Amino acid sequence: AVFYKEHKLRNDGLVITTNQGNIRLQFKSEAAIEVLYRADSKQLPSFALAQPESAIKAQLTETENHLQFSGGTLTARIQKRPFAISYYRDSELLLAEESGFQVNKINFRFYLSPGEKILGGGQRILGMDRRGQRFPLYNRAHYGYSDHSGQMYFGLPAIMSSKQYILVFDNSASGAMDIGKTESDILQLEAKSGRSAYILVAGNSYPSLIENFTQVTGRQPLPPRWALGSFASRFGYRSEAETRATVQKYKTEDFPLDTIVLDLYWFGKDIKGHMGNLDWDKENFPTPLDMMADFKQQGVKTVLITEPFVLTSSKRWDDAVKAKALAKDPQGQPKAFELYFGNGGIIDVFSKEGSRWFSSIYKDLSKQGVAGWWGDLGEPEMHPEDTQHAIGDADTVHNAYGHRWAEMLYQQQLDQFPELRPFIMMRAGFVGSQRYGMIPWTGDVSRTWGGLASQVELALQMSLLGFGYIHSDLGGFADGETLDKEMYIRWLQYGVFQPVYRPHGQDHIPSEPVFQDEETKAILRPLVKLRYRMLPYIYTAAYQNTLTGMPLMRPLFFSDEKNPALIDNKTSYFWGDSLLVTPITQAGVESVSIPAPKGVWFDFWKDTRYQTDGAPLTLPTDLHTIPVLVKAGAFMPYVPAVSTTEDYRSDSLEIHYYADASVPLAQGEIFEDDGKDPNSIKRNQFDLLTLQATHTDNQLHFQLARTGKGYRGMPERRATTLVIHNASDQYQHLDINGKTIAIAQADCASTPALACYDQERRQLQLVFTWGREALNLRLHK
C-alpha cells in the first residue's frame, strides 16, 4: 500500500514523499519526463540521458486527490490515494502505472490499453509487435541465430507504443521485460539492482516522437562519409600480404572500396591465446605502418578489431594488472575467468585507471594510421556475477558496459583528432549510445535464408530507438560449408539499401563480393557502384538522422499512422523518404506482393508506373535486382561512381524527378559538405541544395536554391542533368530564369540537347548549370 504524504517543488523538479520514500520528477524537455524512485538514496546515474542534470520549467497544480506536473505537451497526473502516476499528451492518456514501483529487486508495473501495440526491447526476433512476449534485459551473444531469438547482443530497455510514446527503463542491470505476457493488461519491468527510474517521451507523430526521444537521449554525430562506402571484411585476413592482396583484388575487379577491416589475426596467429596483445603480430604483419600508408594512398582506410578482454597469456597481462586496469574480485585482485579464447580479465572501462590505460593504447595505434575502430564482444560476451567494476558489480552495470566503452573511445578519438569524425562499430550498447557515434551490427547471424529474413525486423527495431546505422554482416557470418550463392546475392542486394555496406563472414567461405564467381560479380558490381552513385541520397538521409533522429530505414507503418495493423510488417521498408524496398528472403521466389501505400509508384529498375488505391502491387522478381518502388514526387540525386569516397565530387549531378499530377507539390534536398568535418553542421560549413516542384494542369515548375556557408573545395557551379520521368508529351517550351528554350522531340540521347523529350521513355531531360544563385525552370504546355 502506497499513498501520497507531501511534495516540494524546488527546483525545477517535483519531489514527492509517499509513505514509502521519495520520488523525483524532472522534465528533460517539453515532451519528456524522468521519474526517479528511491530519490532519497544513492544509486547509479542515468545512462540513457544526454543531459542527466537538466530540468526545464514546468507547471504544478494541486487538487484534492491529484497533483499535475505539466510541461509543454507532456503532463504527469499524480493520483494521491492509492499512489499512481499516469501520463497524458493533450488530454490523451498515454500510459498509467498499475502498482508502479515495488522494491526488494526493482519492479515497475504499468497498465497496457486494449489494442495497444508495443515495439521495442531492441534486438529480438519475435515479431514487430512484442506484446504478449516476455524476455530478459541482459546483452548476450546468440551465435548463428536465424529466425527466432528472445535474447541477443544488443537489447534495449525501451519500448515504442502505437500510442506514440517511448518508455525507457533507465537501468543498466540484469533484468527482464514482460509485455502483457503473464498478465494480459500489464507491462512489467524488472531489474536485480541498479537505478530505479524510467523516462517517458511523447510525440504527435512517429517522426516527432523520435525527434523528441533523440533530443533527450542523444543525436548521432554525422559519421565520416566513408562509413557509407564499401567495406572489405572477413574473419579474418591472416597476414599483411593477404590484406594487401584483398585491397588489390577490389582494384583489379573494379569494385569500389573505402575501408578494409582487420579481425583478430592482426594481433595473433591463433583465435585463442592472444587477445589483449593490442599490438601487431609482426610475424604476419611485418610492416603495418607502410601497409596503412599504402592503403591511404589508394583512398582506403584501415579499421582494427579490439575487445574488452585481456588474457593472462597475452603480452599485456602483467602491465594491465600493474596499471590496475582490470575489473576485480571482491578480494581486490584482478578477476580472471575462462573465456572461449582462454583465461583472462576484463578492462574496467568504468574506472579512471582502466579508461586511461585502454585509451592510451587506442591513441598509439591511431597515431600509427588506424582510421577507425571495431569493438567486438561488448555485451560483455562473458561477465561473471562476482566481477567488480569501479561503480558496481557485473550484474548491476552489465548492459551499460559497451555504452561506456563507446563513450571512452569516442572522447579519446575527439581529443586526438578534433577535426575528424570517429568511426566506432560495436555489438552491444545502451539507450543513448548513438550519441557516442556507435554503429551497431546484428552479430553472428547464420548463413541461412532465415538469418537474412530477420534483418529488416532487427534493423527497424533498432532504428526506431535511436540507431540509424544498424546493419548486418552482408551475406551471413556463421558456419556453412559452401556458399549459398542465391542467398548471398540477395543479401548483398538488400545491402545496398541498408545503412552500412559491410559483407563479413567466417573465412572458410569468402564474404567479399570480389571473391565471387563471374555471374555473382556481374550482378553485384553495378549494384555496389549504384551505392556510390546514390551517395547524395544516402548522405542526405544521414544528415537528417543527425538533425532529427530520423532513421535511414523507416517502417511501412510510418505511411499511415492511423492504421496500426501496418506495425506488423517486417518485409517492406522505406530507404530514405522515397524508396519502398522489399528484400527477397527465400530461394526461387518468382513474384512479390508489395503493400504499397495508396498513391502513385514507379518501378525503380524499369520505370513502370503503378497507381493504387490501397490494394497491393504484384511485381515479378529477377536475379539481378530486388523489388524497389519510387514514390511519385521523388527527387533522386546521383553523382558519377568513384572507387573511394576520398575521390567524391559533385561537380556533375544527375537528378531524377518522378512526376505525376497526383503530386502538385514536391520537395527534395541534397546535403553536401567536406565529408569529414565533425563541426560542419554546427558551423554551417555546408552546401544545402534544395529542389521544389510545382505540378499543375498546364505547367511543371522547378525552383532550385542553395544555402549554407559552403566549404573548402565546394563546386561553385554544378553541371546538372535533370531527368523528368512520366513527363507529359504536351510541354511546348522551357523557360530557364525567363530565357525561353525549345524542347527537342527527337535524338535526345544523340545530341548535346539542353532540353529534349524522349517519347518512347516518357522522359524529359534538361541539362543546365546550377550555380550559387536561385534557378527557376518552367515547362509549359
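Quick note: we count residues from 1 along the sequence shown, nothing fancier.
Among other compared entries that model residues flanking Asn104, a third or more give it no coordinates. According to the PDB entry, the deposited sequence contains 1 to 3 residues between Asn104 and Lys105 that lack coordinates. Two stretches are in play, 490-498 and 311-319, and the higher mean C-alpha B-factor belongs to 311-319. The stretch with the higher mean CA B factor, choosing between 157-165 and 372-380, is 157-165. Taking the deposited Cα B-factors for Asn737, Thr720, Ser41, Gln730, the highest one is held by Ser41.
Residue-level inspection of the entry shows that, of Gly675, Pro551, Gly392, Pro555, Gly392 has the top Cα B-factor. Among the modelled residues of its chain, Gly342 has a C-alpha B-factor that falls in the highest third, as given in the PDB entry. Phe83: CA B factor in the highest third of modelled residues in this chain (values from the PDB entry). Per the deposited record, the Cα B-factor of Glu407 falls in the middle third when ranked against the other modelled residues of its chain. When the CA B factors of the chain's modelled residues are split into thirds, the value for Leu777 lands in the lowest one.
Annotation for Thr690: C-alpha temperature factor in the middle third relative to the rest of the modelled chain, per the entry.
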